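There is one chain below, alone, in structure tokens, taken in the form deposited without the ligand.
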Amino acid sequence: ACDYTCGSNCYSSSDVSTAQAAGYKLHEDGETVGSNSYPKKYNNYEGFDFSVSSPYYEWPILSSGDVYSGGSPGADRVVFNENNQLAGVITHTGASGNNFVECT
């Protein structure tokens, strides 16, 4: 089964854990990767019920299972906070322009 489903993408807890670890390390190092510069600050304008406190940061999680290294980031993102706590997994799949919907 999928622990998280973003549109047609299936993710296991292992996959979110791995993506989060990479994003958080970049966060600690003050570094970013890709043309859009990830990890970047996540603003919760959609008002998703996370039980972890802000600030929040978004990092791409890839359907391939590969850790994001540049190139196309796809539509899915792992949201983590300043204390390296997982807030959730979101996606642009099925949302107009910059809206996000939560993975199921």
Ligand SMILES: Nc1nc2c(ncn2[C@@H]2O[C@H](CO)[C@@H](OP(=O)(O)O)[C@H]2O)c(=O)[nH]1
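So that there is no doubt, residue numbering starts at 1 and follows the sequence shown.
Beyond the structure shown, there is the form deposited with the ligand bound, which is absent from this document and is the topic of what follows.
*Asks:* Report yes if any heavy atom of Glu31 sits within 4.5 Å of a heavy atom of the ligand in the bound PDB entry; otherwise report no.
*Replies:* Contact check for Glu31: no, nothing within 4.5 Å of the ligand in the bound PDB entry.
*Asks:* If we define contact as a non-hydrogen atom of the residue within 4.5 angstroms of the partner, is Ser63 a contact of the ligand in the bound PDB entry?
*Replies:* The answer is no: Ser63 has no heavy atom within 4.5 Å of the ligand.
*Asks:* Verify the contact flag for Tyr4: yes if a non-hydrogen atom of it lies within 4.5 Å of a non-hydrogen atom of the ligand in the bound PDB entry, no if not.
*Replies:* No, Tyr4 is distant from the partner.
*Asks:* Is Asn98 a contact residue for the ligand in the bound PDB entry, using a 4.5 Å heavy atom cut-off?
*Replies:* Answer yes; at least one heavy atom of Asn98 falls within 4.5 Å of the ligand in the bound PDB entry.
*Asks:* The ligand is absent from this chain, but in the bound PDB entry, do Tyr38, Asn43 and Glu46 each have a non-hydrogen atom within 4.5 Å of it?
*Replies:* Heavy-atom distance to the ligand in the bound PDB entry: all three under 4.5 Å.
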